[PDB]
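One structure is given here, and the rest of the page talks about it.
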Amino acid sequence: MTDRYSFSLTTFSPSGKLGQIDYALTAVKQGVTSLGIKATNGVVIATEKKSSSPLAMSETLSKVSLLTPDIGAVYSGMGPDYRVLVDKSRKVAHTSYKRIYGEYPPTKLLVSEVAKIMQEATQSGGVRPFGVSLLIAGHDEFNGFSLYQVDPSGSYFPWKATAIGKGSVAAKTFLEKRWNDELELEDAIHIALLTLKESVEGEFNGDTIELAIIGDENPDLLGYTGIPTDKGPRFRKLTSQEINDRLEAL
Amino acid sequence: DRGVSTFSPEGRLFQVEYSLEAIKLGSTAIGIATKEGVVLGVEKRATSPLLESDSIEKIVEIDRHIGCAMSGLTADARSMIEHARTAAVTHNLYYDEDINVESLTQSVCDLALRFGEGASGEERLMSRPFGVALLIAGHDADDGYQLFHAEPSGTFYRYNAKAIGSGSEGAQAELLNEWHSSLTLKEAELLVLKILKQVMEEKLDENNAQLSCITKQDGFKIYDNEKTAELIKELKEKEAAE
Amino acid sequence: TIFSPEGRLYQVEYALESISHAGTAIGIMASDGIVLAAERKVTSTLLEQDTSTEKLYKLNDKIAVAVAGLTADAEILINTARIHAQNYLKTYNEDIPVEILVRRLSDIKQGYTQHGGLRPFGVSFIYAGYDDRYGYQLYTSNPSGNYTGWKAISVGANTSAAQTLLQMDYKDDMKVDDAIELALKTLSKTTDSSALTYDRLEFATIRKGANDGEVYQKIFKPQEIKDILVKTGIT
Amino acid sequence: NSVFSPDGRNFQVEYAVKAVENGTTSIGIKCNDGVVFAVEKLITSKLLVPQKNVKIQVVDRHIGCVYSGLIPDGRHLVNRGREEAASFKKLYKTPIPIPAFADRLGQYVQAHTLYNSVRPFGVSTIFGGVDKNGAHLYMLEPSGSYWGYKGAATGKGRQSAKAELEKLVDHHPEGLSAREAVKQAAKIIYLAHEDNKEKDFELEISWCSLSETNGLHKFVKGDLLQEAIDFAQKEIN
Amino acid sequence: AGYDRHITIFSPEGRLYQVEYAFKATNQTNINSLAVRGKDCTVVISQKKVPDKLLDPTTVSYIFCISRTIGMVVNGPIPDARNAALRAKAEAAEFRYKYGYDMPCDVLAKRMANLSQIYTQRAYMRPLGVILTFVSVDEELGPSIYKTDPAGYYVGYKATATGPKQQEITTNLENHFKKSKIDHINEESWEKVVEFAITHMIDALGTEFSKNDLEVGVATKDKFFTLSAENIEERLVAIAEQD
Amino acid sequence: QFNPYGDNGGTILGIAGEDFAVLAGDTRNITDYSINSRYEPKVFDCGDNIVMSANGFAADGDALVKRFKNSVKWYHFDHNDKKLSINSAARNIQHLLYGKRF
Amino acid sequence: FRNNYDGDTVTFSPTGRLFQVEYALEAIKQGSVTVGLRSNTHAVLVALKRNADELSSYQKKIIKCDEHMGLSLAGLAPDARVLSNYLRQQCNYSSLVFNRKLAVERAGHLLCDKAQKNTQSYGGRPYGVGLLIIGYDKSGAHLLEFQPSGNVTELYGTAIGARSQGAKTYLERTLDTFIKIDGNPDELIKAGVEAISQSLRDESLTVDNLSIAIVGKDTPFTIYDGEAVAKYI
Amino acid sequence: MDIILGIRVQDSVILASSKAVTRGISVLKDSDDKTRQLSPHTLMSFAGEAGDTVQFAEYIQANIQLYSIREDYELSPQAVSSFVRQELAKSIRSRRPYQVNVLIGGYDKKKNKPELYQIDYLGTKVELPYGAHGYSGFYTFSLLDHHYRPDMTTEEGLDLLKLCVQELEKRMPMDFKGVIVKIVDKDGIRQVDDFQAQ
Amino acid sequence: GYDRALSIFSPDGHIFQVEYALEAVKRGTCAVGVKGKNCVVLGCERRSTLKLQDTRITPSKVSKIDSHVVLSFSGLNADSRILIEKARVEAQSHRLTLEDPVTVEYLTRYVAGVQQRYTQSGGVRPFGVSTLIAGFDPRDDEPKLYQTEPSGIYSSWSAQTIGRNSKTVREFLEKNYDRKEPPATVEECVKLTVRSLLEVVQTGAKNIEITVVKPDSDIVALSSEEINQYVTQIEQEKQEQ
């Protein structure tokens with residue numbers, strides 16, 4: 001039993017590369033395309049639900065995840081790696097913030113923490129880096145809406161709009177053409193749905209697309225009335241029905 | 001190249017064998033046991049004439065009845081000397097008597113075993129064997145005057161006479177011819193000095209060599225330079241007439 | 001963390017190599033203040049610059065750092081430096097002397113050099129600070145755990161070109177404003193981009209603060225960079 | 001060891017198997033109300049004290065274990081088997097069921113196929129006994145793989161032994177008796193010694209039968225051992 | 001001996017060979033399984049092969065009762081299968097103790113998926129060479145099938161198959177649901193769902209089965225149980241007088 | 001509360017002559033007002049021509065005697081069968097007792 | 001095939017061999033010869049000691065473990081110290097806790113288990129020493145042979161170390177004679193001394209050359225060196 | 001009950017500390033110096049529990065000297081007294097607290113001001129024109145409230161202390177065997193080794 | 001728990017990590033020590049890769065350990081900070097328990113002990129540092145100079161040099177330093193130190209720095225000009241046919 005590999009599996013090569021981080025990025029390249037677009041009154045994150053056989057139930061897989069009531073995340077690369085980072089992120093939002101300050105963390109700080117977890121997997125002994133890139137969308141009272149990308153190295157940066165995975169090169173181009181600092185949320189969704197058509201090969205409907213927004217407060221998703229001081233989560237997943245309605249007028 | 005405590009196909013421990021090679025590169029140390037005491041002598045081997053010769057401590061006291069000369073990577077001997085002093089003093093604390101020379105040697109040799117990459121012991125707190133051999137000389141009531149050679153293998157051997165270090169092969173042959181069970185202390189002194197003169201790659205004087213002994217009656221003493229120089233006058237004059 | 005036959009530290013040398021590909025950062029120390037300037041690595045139009053910080057970090061109120069290397073490795077070291085500064089203040093009821101904070105961070109790096117089997121941090125820092133022992137101070141630290149003080153210095157990409165130019169135009173009696181000008185000119189000549197625009201820069205000063213007798217830290221806003229770029233004739 | 005080869009197999013386990021096939025041959029036979037165990041003891045030299053280098057081992061009071069391969073590895077496994085039986089008894093009061101005992105060794109042996117810092121066991125163990133609901137026989141390979149058996153064999157003469165066991169199974173569907181299985185075991189060990197006969201050998205048998213031992217593990221000595229040695233000698237002349 | 005072939009680090013193409021090799025291991029026993037959902041039950045079928053005459057066949061099983069309500073079938077070598085089974089049993093008992101209700105099928109799938117993910121990331125643990133199919137009638141979700149693999153992947157299914165001839169069985173099943181236009185077997189009794197499952201096993205594999213060639217597990221509301229040979233015989237008799 | 005000490009009563013006497021010594025004790029063992037035994041020796045030959053008695057709480061006494069006998073045995077193992085002199089025994093017994101100072 | 005498989009003890013070769021253990025076994029074939037033999041009333045150890053020089057001591061090869069048990073060594077001598085030390089404690093524990101002398105067979109089993117762990121743990125090495133264990137317990141006299149692989153066997157007589165085969169051959173033939181030497185210690189030693197001589201190209205075993213140990217019915221384990229062995233040469 | 005007095009005048013700090021060491025029914029020493037120099041311009045005086053007293057002082061002393069040599073620089077009195085406070089505040093909640101009260105008298109060269117800090121074993125720190133620990137404060141605080149002036153010379157400070165000592169030798173139950181007086185100013189620390197029979 | 005052995009023996013009986021640490025010392029800037037009749041003088045050099053440095057704040061190569069002992073080094077600067085700290089802690093610790101400051105020998109034995117320890121521990125590399133340690137024993141006038149190296153060997157020197165081109169300067173000192181008649185003055189002792197450094201350094205500008213230790217904690221660093229005074233007096237005077 002017990003761990004023998006007490007040394008770093010990611011080391012500097014003579015040219016100064018960190019090989020394992022590069023290969024992690026290569027893994028992210030093969031990943032299904034995902035994108036995020038920042039509007040003036042919201043943020044949209046979106047990806048494709050690549051199904052392996054029609055027997056699989058696409059809805060049971062969470063590609064887009066709620067991290068806090070105002071923060072969501074999506075990814076490209078290795079799904080199982082994503083799933084465990086979502087768990088650790090949710091937990092750290094509590095252990096490092098809500099249990100201390102009685103309020104959820106601001107987007108940039110939660111992002112900072114995920115980044116920390118991913119950096120550690122770059123330097124700790126006996127581990128390989130995470131093979132995902134994350135897009136994290138959120139809102140907090142003092143920064144407003146924000147969107148960040150997190151890479152295997154633990155590096156993060158804020159974007160107005162971006163895309164990661166397979167068709168990222170082309171999609172970054174598509175968004176650059178379409179993004180202005182005056183977009184309403186509904187516009188960003190429409191632009192998101194346009195960008196995502198270029199990616200997919202087969203069916204392109206509400207059952208093959210996962211999309212969520214960070215928008216206004218949803219009081220009917222709170223679960224209780226009587227405390228006027230919060231009107232619910234800003235994170236909302238769009239339904240299969242709601243994506244289809246925007247596809248007919250696409 | 002693979003591991004620390006690995007066996008060769010010939011059934012020897014690689015690292016233990018290579019530590020022995022390190023000792024062969026060391027300065028010469030010679031010991032002679034008699035019935036009037038045990039003499040220990042060393043070659044200083046200063047790397048430069050600016051080195052203050054008597055800051056070279058290759059002969060150390062362990063207890064009043066036990067002394068020590070070293071050869072090889074002499075820095076490794078510091079924690080062996082320290083462990084030997086504690087073992088001797090502790091024994092006197094627990095038992096109100098002197099430790100036996102053999103018991104002291106066995107304890108130093110026990111310490112020598114404690115190498116290994118976190119190896120299955122209890123617990124190995126050392127990454128490599130010592131690169132130093134020790135000659136441990138002393139006296140105790142039961143077994144009288146005694147000389148021991150302690151290798152970093154954890155093995156120790158008793159000897160009537162022994163040489164360790166770079167000139168040991170030639171020195172040991174000369175020790176085979178010259179040693180007999182009736183040597184006086186003064187004869188032994190001359191003999192150590194003589195053999196040291198043969199194998200020193202300088203001309204032996206009181207600054208590049210050091211003598212010491214242990215007697216029952218006076219304990220372990222290091223000879224100062226003036227007393228040594230008189231024996232070096234006495235050797236050359238003894239070896240003129242013959 | 002092992003030696004080569006030559007007596008160099010493999011992983012360190014390779015980490016320094018890694019740093020030499022990162023956006024350039026310059027430190028210029030004046031008589032009445034310090035300038036920090038950093039170039040962002042080949043960016044994009046969509047990259048948000050408003051809420052963006054990647055090369056310039058506040059350590060306490062009297063000390064800032066410029067980062068060349070892995071952004072995430074640096075966040076780790078910044079956080080513990082921020083904690084160390086606070087430990088000092090709590091213990092002594094006095095702000096930490098710049099040198100002490102710098103030594104501590106360099107000792108951390110040195111550790112990864114000597115034991116533990118972990119890879120060194122791929123980071124170099126320029127530290128800009130003030131204390132009442134030495135006044136304004138500029139320090140540098142790299143992955144070897146080595147630290148030195150400077151009148152002017154650069155780290156990351158093209159340090160040879162940058163250093164040559166700083167030695168040409170720097171003089172002991174400079175003012176902060178000439179130092180700001182010198183820093184921007186140096187980055188203009190050393191960029192791999194067509195020209196130097198505001199969205200590719202981070203900029204900070206540590207001033208004696210117009211009128212007060214107290215030290216002020218200014219991390220320049222995007223508009224403030226854009227403006228300071230006009231006056232100097234780079235528009 | 002924590003290393004799959006490209007064919008999905010574990011090459012370190014595969015090499016442990018070779019060490020087993022290189023060992024002395026041992027067998028288990030299930031009977032109507034019990035189990036019998038037998039092993040082949042190579043007489044290296046006349047100097048070996050006869051009847052004095054016992055290979056079969058008891059676990060608790062109702063379980064026998066025999067093995068082929070690296071004898072020290074087998075001993076390590078039985079020691080663990082004993083701590084596992086004790087810890088089951090301490091907590092649940094009842095002596096450990098054989099299928100339960102099988103999984104305990106199973107899991108433990110399997111753990112030594114998970115980490116590159118550990119090597120797999122170089123033994124196949126045949127073990128079994130009588131519990132609250134009948135006799136059970138098991139064989140456990142270096143991978144941690146195990147199943148229930150009617151008859152089992154491992155070691156240098158495993159092939160010839162297996163064929164003999166197969167012949168018994170087919171010709172006694174009604175079940176064998178403890179008394180008969182003992183003789184049959186002696187026969188089978190003589191009939192596996194053909195493939196290891198560059199040396200003389202001593203026979204060792206043990207058994208656990210509800211009617212013959214009250215469900216406790218016991219060695220076969222004296223008259224009964226000689227009767228089996230006689231019977232095995234008889235059907236080869 | 002390139003290290004990216006021996007431990008779970010990335011290869012230049014961003015791959016994990018040890019994980020790929022663990023997938024290869026899952027087929028070692030040359031066994032196929034399939035799972036289908038009925039109206040108010042879930043059925044698992046797996047081939048049973050007992051080559052050696054010396055084996056006691058009642059002990060040769062690849063189906064496990066994890067808890068009162070959850071069953072699991074494993075595709076892969078038995079030692080790794082049993083390890084996964086022991087851990088899941090512990091996890092399900094722990095969950096119930098800490099949280100006051102029975103661990104749902106998908107949550108245990110997720111938990112086991114996560115454990116596998118760790119072997120994917122940590123160097124000192126090899127992945128387990130197994131695919132695990134978890135089944136139950138969940139108190140919130142109804143009939144449920146959740147399947148995990150050595151990559152740490154898991155998803156829910158309308159139906160599924162695993163093994164050497166997985167592709168044939170899957171397409172066969174897809175074709176049934178394409179036509180029937182529903183996501184389950186519209187049958188009131190679990191006996192008929194088993195019968196369906198065996199029938200499609202036969203068509204896809206081009207093989208007839210006797211009673212000792214199969215293994216059946218059925219999940220109902222508040223039970224997972226495995227069928228006896230005689231129960232299976234009765235099922236085989238019923239498909240004979242029809243197909 | 002549990003009291004970890006008892007009193008087994010019992011008296012011992014040592015006298016040194018020119019070239020001999022005696023160590024004597026009664027053989028009675030008691031608890032409160034009862035007799036546990038009329039013959040329970042408490043003076044022991046420890047090897048190396050040393051005799052020893054530890055009188056008071058007989059359980060503690062027995063442990064100490066055991067530990068000293070065992071000490072003599074290990075002395076022989078560690079020090080090439082040397083005879084343990086009476087002064088060396090004494091000192092060793094100080095350490096046994098003092099290790100339990102609290 | 002013999003390449004990368006002798007790195008550590010935690011690796012099997014494709015043949016099924018553990019090479020580091022095979023190499024540990026080899027340190028024995030290089031050790032000075034030692035002989036064990038027993039009758040029904042006594043067990044005897046004879047060990048030819050080996051010097052480094054004509055100026056050195058023949059390094060001791062017989063270690064006492066209890067009043068009723070002891071052993072002789074061939075190979076790495078410090079390893080014989082670790083193992084005999086462990087045996088001393090095991091014999092001691094048996095006495096203190098159970099008032100019971102430790103059976104030679106249990107001692108054998110304990111040494112086996114201890115040696116086994118080192119054939120399976122990473123970073124450790126197998127012991128590099130063979131041991132001959134004699135004792136007298138509640139079932140009579142016993143001789144055991146310990147190999148660092150962890151294999152222990154009980155025998156009437158045996159020998160280990162350099163050119164041990166001669167003594168082992170001689171003992172296989174002398175069997176029926178020596179096993180009958182009951183109540184006659186000196187004749188059992190004699191049989192052992194002549195047993196060891198079948199293994200000497202060397203030289204004629206001298207007074208400082210020879211080491212003898214005996215244990216038996218009313219005889220605690222005792223070692224003879226020099227003066228006390230002179231009558232056996 | 002050990003007299004520990006401190007008085008901060010205009011250009012210096014003066015510490016007065018009792019010389020007696022008493023255990024049980026015996027005065028063991030009549031010349032004890034209850035003072036450690038922490039740095040050239042910082043002096044600490046201490047009273048309290050028999051062993052804790054010197055062990056704490058010397059531990060503080062070692063630490064400050066270490067800091068000096070590491071930075072080739074003297075910590076300010078304010079910095080020293082914060083270090084001491086934190087140490088005591090840690091100690092109070094540990095398994096066995098140091099039972100020691102201190103006065104810290106230093107001359108801050110950067111400010112050119114004398115400073116007096118009073119800190120008790122709990123880690124309660126305060127800066128004062130004059131201070132005392134134990135019973136002696138029950139006499140001196142009111143005395144100094146009356147006779148003290150913020151701008152006194154060092155010579156006036158010494159006359160003020162003479163009054164304090166005299167009052168303690170009149171009203172305190174125990175014989176404390178006079179005081180050792182030390183002055184901390186711009187120049188450093190010196191001893192007025194002639195106070196007791198002046 | 002990383003304890004993988006890095007310092008191990010080679011077939012010819014060498015510990016290559018210790019050996020390569022010595023190379024890093026030879027890679028380091030030169031340092032020199034010479035002891036007189038009533039003094040010991042330490043001297044170092046400064047490199048020329050870049051010259052826009054601030055010297056007010058940049059760490060000098062001579063460190064005070066206690067008020068009466070100083071340490072100078074060649075090799076990895078970052079490694080030397082660790083030895084310097086540990087040496088400073090020991091010095092204070094010795095003061096606390098022995099009520100006396102360290103002898104120079106004792107402080108040397110401690111530092112050498114630390115370097116030795118790092119030659120035989122799992123998962124650590126030896127110090128790429130070799131030191132000169134100089135000062136005076138408390139209440140003593142006899143001057144003291146000691147050298148340590150990556151292996152943990154230490155010894156005392158009438159005079160000694162370490163670092164790059166030390167081969168050359170040890171050449172000079174061996175010819176010039178007379179055991180009979182140490183340099184009797186502080187002045188003539190600083191003279192021999194500057195001369196020996198001139199063989200390697202080039203222009204004694206912003207490169208040569210000098211520190212003097214006298215009995216009873218009397219340690220003064222020299223100034224650029226007070227250095228230039230020796231530079232001028234030797235270059236012109238000792239240039240004659």
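Identifiers for the structure tokens are assigned positionally: chains receive A, B, ... in sequence, residues are indexed from 1 per chain, and ligands are indexed from 1 in the order shown.
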| request: Using only C-alpha atoms, determine which residues lie at most 6 Å from residue 57 of chain G, disregarding the query and same-chain residues fewer than 2 positions distant; provide the list as a list in words. | output: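 Within the cut-off, the hits are residues 158 and 159 of chain B; 51 and 59 of chain G.
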| Residues within 6 Å of residue 225 of chain G, only C-alpha atoms, excluding chain neighbours under 3 positions, as a PyMOL selection string | chain G and resi 211+228-229
Distance table requested - chain I against chain B, cut-off 7 Å, only C-alpha atoms: one row per qualifying residue with the closest atom pair and its distance in Å to one decimal, ordered by chain and rising residue number, as a tab-separated table.
```
residue	atom	partner	partner_atom	distance
I:3	CA	B:117	CA	6.0
I:4	CA	B:117	CA	5.9
I:5	CA	B:127	CA	5.3
I:8	CA	B:128	CA	5.9
I:9	CA	B:18	CA	5.9
I:10	CA	B:18	CA	6.2
I:11	CA	B:18	CA	5.2
I:12	CA	B:21	CA	5.9
I:13	CA	B:22	CA	4.1
I:14	CA	B:22	CA	6.4
I:116	CA	B:75	CA	6.5
I:120	CA	B:127	CA	5.2
I:121	CA	B:127	CA	5.1
I:122	CA	B:127	CA	5.2
I:151	CA	B:75	CA	6.9
I:152	CA	B:75	CA	5.5
I:153	CA	B:75	CA	5.3
I:155	CA	B:55	CA	5.8
I:156	CA	B:52	CA	5.6
I:157	CA	B:51	CA	4.6
I:158	CA	B:50	CA	5.4
I:159	CA	B:50	CA	6.1
I:174	CA	B:50	CA	6.9
```
With N, CA, C and O atoms retained, export the selected residues as a compact mmCIF listing (two decimals), in the first residue's frame.
```txt
# COMPACT_ATOMS: atom_id res chain seq x y z
N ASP I 3 12.25 10.60 0.50
CA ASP I 3 13.56 10.26 1.07
C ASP I 3 14.42 9.41 0.12
O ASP I 3 15.22 8.57 0.55
N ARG I 4 14.26 9.65 -1.18
CA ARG I 4 15.06 9.01 -2.22
C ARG I 4 16.50 9.52 -2.15
O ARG I 4 16.75 10.73 -2.27
N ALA I 5 17.43 8.60 -1.93
CA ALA I 5 18.85 8.93 -1.75
C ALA I 5 19.49 9.55 -2.99
O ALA I 5 19.50 8.95 -4.07
N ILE I 8 25.00 9.42 -3.15
CA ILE I 8 25.44 8.03 -3.05
C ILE I 8 26.85 7.83 -3.61
O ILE I 8 27.40 8.73 -4.26
N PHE I 9 27.43 6.66 -3.34
CA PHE I 9 28.78 6.33 -3.78
C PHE I 9 28.84 5.86 -5.23
O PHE I 9 27.90 5.24 -5.74
N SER I 10 29.95 6.17 -5.88
CA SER I 10 30.27 5.68 -7.21
C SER I 10 31.20 4.49 -7.05
O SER I 10 31.76 4.31 -5.96
N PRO I 11 31.38 3.67 -8.11
CA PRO I 11 32.29 2.52 -8.03
C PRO I 11 33.71 2.85 -7.57
O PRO I 11 34.33 2.02 -6.91
N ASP I 12 34.21 4.03 -7.90
CA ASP I 12 35.56 4.41 -7.47
C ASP I 12 35.58 5.11 -6.10
O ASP I 12 36.62 5.62 -5.67
N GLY I 13 34.44 5.10 -5.43
CA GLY I 13 34.32 5.60 -4.06
C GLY I 13 34.18 7.10 -3.93
O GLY I 13 34.76 7.70 -3.03
N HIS I 14 33.42 7.70 -4.84
CA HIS I 14 33.19 9.15 -4.83
C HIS I 14 31.71 9.45 -4.71
O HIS I 14 30.88 8.72 -5.26
N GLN I 116 27.78 18.51 6.37
CA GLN I 116 27.92 17.06 6.41
C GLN I 116 26.56 16.35 6.41
O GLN I 116 26.33 15.42 5.64
N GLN I 120 24.33 13.14 3.67
CA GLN I 120 23.77 11.79 3.88
C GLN I 120 22.31 11.69 4.32
O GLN I 120 21.97 10.86 5.17
N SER I 121 21.45 12.50 3.70
CA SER I 121 20.02 12.49 4.00
C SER I 121 19.19 12.31 2.73
O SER I 121 19.48 12.91 1.70
N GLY I 122 18.16 11.47 2.83
CA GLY I 122 17.28 11.21 1.70
C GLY I 122 16.57 12.46 1.23
O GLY I 122 16.04 13.23 2.04
N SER I 151 31.44 18.94 1.78
CA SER I 151 31.50 17.62 2.40
C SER I 151 31.36 17.67 3.93
O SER I 151 31.08 16.66 4.56
N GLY I 152 31.56 18.85 4.51
CA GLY I 152 31.57 19.00 5.97
C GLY I 152 32.94 18.92 6.63
O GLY I 152 33.03 18.97 7.86
N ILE I 153 33.99 18.79 5.83
CA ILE I 153 35.36 18.91 6.33
C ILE I 153 35.65 20.37 6.70
O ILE I 153 35.19 21.29 6.04
N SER I 155 38.92 23.00 8.59
CA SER I 155 40.28 23.14 9.12
C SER I 155 40.66 24.61 9.25
O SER I 155 40.01 25.48 8.66
N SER I 156 41.71 24.87 10.03
CA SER I 156 42.19 26.25 10.19
C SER I 156 43.36 26.60 9.26
O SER I 156 44.19 25.75 8.92
N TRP I 157 43.40 27.86 8.86
CA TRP I 157 44.33 28.33 7.85
C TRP I 157 45.02 29.61 8.29
O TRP I 157 44.36 30.56 8.74
N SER I 158 46.34 29.63 8.15
CA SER I 158 47.13 30.86 8.28
C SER I 158 46.58 31.88 7.30
O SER I 158 46.40 33.04 7.64
N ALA I 159 46.32 31.41 6.08
CA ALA I 159 45.59 32.17 5.08
C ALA I 159 44.98 31.16 4.12
O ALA I 159 45.50 30.06 3.96
N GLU I 174 50.99 31.26 -0.87
CA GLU I 174 52.00 30.24 -0.55
C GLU I 174 53.43 30.76 -0.69
O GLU I 174 54.32 30.35 0.05
```
| message | If we count only C-alpha atoms and set the cut-off at 6 Å, which residues sit around residue 132 of chain A, ignoring sequence neighbours fewer than 6 positions away in its own chain? Please answer as a PyMOL selection string. | response | chain A and resi 28+76-78
| Residue hits in chain A, query chain C, radius 6 Å, only C-alpha atoms, as a PyMOL selection string | chain A and resi 7-8+11-12+14+16+154-155+158-161
| request: Any chance you could list, as number ranges by chain, the residues in segment 26-109 of chain H that come up strand (DSSP E or B) when DSSP is run on the backbone? | output: H: 26-29, 35-39, 42-48, 100-108
| If you count only C-alpha atoms, which residues fall within 8 Å of segment 32-43 of chain D, apart from same-chain ones fewer than 3 positions away, as a PyMOL selection string? | chain D and resi 24-29+46+48+55-56+64-66+127-130+134-137+175-178+181-182+185-186+189+193+199-211+215
| request: Fewer than 4 positions away in the same chain doesn't count, so skip those; otherwise give me all residues within 10 Å of residue 155 of chain H, counting only C-alpha atoms, as a ChimeraX atom specification. | output: /H:9,159-160
Within 8 Å of chain G, which residues of chain B show up? Give each one with its shortest atom-to-atom distance in Å (one decimal) and the two atoms involved, counting only C-alpha atoms, rows by chain then rising residue number, as CSV.
```
residue,atom,partner,partner_atom,distance
B:2,CA,G:7,CA,6.0
B:3,CA,G:7,CA,7.3
B:5,CA,G:125,CA,6.3
B:6,CA,G:125,CA,6.8
B:7,CA,G:23,CA,6.1
B:8,CA,G:23,CA,6.6
B:9,CA,G:23,CA,5.1
B:10,CA,G:26,CA,6.3
B:11,CA,G:27,CA,4.4
B:12,CA,G:27,CA,6.6
B:113,CA,G:78,CA,7.8
B:116,CA,G:123,CA,7.4
B:117,CA,G:123,CA,6.0
B:118,CA,G:123,CA,6.9
B:119,CA,G:124,CA,5.0
B:120,CA,G:124,CA,5.5
B:153,CA,G:78,CA,7.9
B:154,CA,G:78,CA,5.9
B:155,CA,G:78,CA,6.4
B:157,CA,G:57,CA,6.0
B:158,CA,G:57,CA,5.0
B:159,CA,G:56,CA,4.2
B:160,CA,G:55,CA,5.2
B:161,CA,G:55,CA,6.0
B:162,CA,G:55,CA,7.6
B:176,CA,G:55,CA,6.9
```
| task | Show which residues sit within 7 Å of residue 55 of chain F, as a list in words. Count only C-alpha atoms, and ignore same-chain residues fewer than 4 positions away. | result |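 The contact residues come out as residues 10, 11 and 61 of chain F.
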Residue subset to file, keeping C-alpha atoms, as a short mmCIF file (atom, residue, chain, number, x, y, z; two decimals), in the first residue's frame:
```
data_model
loop_
_atom_site.label_atom_id
_atom_site.label_comp_id
_atom_site.auth_asym_id
_atom_site.auth_seq_id
_atom_site.Cartn_x
_atom_site.Cartn_y
_atom_site.Cartn_z
CA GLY F 10 6.17 -8.86 55.16
CA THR F 11 9.53 -7.61 56.31
CA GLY F 61 7.76 -5.98 43.83
#
```
| task | Could you tell me which of A:17, A:138, A:107, A:4 comes closest to chain B if we count only C-alpha atoms? | result |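 That would be A:4, the residue with the smallest distance to chain B.
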| query | Skipping near chain neighbours, those fewer than 6 positions away, what residues fall within 8 Å of residue 10 of chain H using only C-alpha atoms, listed as an MDAnalysis selection string? | reply | chainID H and resid 113:114 150:154
| message | I need the chain I residues near chain C as a PyMOL selection string; criterion: at most 9 Å, counting only C-alpha atoms. | response | chain I and resi 1-4+6+16-27+50-59+76-79+81-82+122-128
Quick one: contact table of chain A to chain D, 10 Å max, nearest atom pair and distance in Å to one decimal per residue, counting only C-alpha atoms, chain and number order, as a tab-separated table?
```
residue	atom	partner	partner_atom	distance
A:1	CA	D:115	CA	6.4
A:2	CA	D:115	CA	8.0
A:3	CA	D:117	CA	8.0
A:4	CA	D:117	CA	6.7
A:5	CA	D:117	CA	9.5
```
| request: May I ask you to extract the residues of chain H within 12 Å of chain I, using only C-alpha atoms, and to give them as an NGL selection string? | output: :H and (54-72)
